[PDB]
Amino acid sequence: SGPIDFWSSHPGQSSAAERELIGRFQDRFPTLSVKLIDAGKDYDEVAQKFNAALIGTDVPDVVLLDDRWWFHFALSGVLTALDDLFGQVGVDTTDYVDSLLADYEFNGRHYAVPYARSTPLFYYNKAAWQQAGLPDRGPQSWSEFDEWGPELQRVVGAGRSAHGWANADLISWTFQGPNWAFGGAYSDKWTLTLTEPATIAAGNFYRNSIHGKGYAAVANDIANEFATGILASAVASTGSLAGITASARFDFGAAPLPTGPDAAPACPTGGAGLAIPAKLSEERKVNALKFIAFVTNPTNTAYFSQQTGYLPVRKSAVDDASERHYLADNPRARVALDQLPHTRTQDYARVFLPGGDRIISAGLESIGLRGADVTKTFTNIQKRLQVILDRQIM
């Protein structure tokens, strides 16, 4: 009871934008109120808190669930299937970007609505690029960047790195694209492929950049380490574009990831959507979908996108006057939009296999941190994952 409880992690440092969308929602429906709740510092903390709440009584009305947690909770049956609610509220689902809404479809039903959606971006420091003699653009291939790497490392010097790789908090997501660009994958649908020769090749490229040629390092806060100049470049979310833009005292570029052979997609989408706990009453499920649909309407997804660097989730958001000027005056904000139709759906091992991402991410960090053998590390992870698969299947 009481207001609509909105549990968010304020992704992209977006709490101010969310308070503002709440204002728009309350002027539009003077009858309903919202309480924005700082439910956690990242998607894992929000999901942890939701888990605890489900065993209890006080469940939120609206909860932010990332590209892994929505499926975990949907498959657990704790989330409202929304397809009939879309019709009852008048949601124009044809207007959401189709790939972004299909990201939440499970067995014919949708269990969340896209909200803070992203692609990774190749951020690069332009002063470093100029010092190294590079052209003003991202690498076209990870092989080309392997040639830039040592040149950048020389100009940035001793307490800096040409490239920062994310730590376990995000490496499974940022390494996904390069893996694809090499023709690898964690898995192909449910079949694991971490020990295919192309996946290992991508692994060794990552390992060699840190321990072989030594122009790359495993970062902590990758966005801030890039913005403060410690990393000459990094793959991080477009969701961090506003924060990086506020802190960086140098000019910088954002580029799409290197594609695969013959421009085959080599970039994931990511981020989170809004969902409604199944154990709410039918009235609160109505108001909750009212809210979710409002703050993700054309004008409002355009606004949230302007404040963060995330993608507008509605096709017609680019019909919005402010969004056209914004994209006009902010080219780095175009990059994720232009990249969106060159993406590839995420490997099942990362997003759907229960516990898969924790295992994959640890393997990748262990490779990065201590230079663990890649073939050995990938074999052990794939065997521990295959154990999961065989168990859940049974």
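When you see a residue number, it is the position in the sequence shown, counting from 1.
Higher average CA B factor: 27-35, of the stretches 27-35 and 46-54. Taking the mean C-alpha B-factor of each stretch as recorded, 55-63 and 337-345 are not equal, and the higher mean is that of 55-63. Note on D251, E225, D95, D169: the highest value goes to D95, judged by CA B factor as recorded.
The entry lists C-alpha B-factors for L85, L100, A234, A275, and the highest of these is at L85. The PDB entry assigns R160 a C-alpha temperature factor belonging to the middle third of its chain's modelled residues. The PDB entry assigns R68 a C-alpha temperature factor belonging to the lowest third of its chain's modelled residues. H211: CA B factor in the highest third of modelled residues in this chain (values from the PDB entry). The entry lists a Cα temperature factor for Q176 that places it in the lowest third of the chain's modelled residues.
When the CA B factors of the chain's modelled residues are split into thirds, the value for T296 lands in the middle one.
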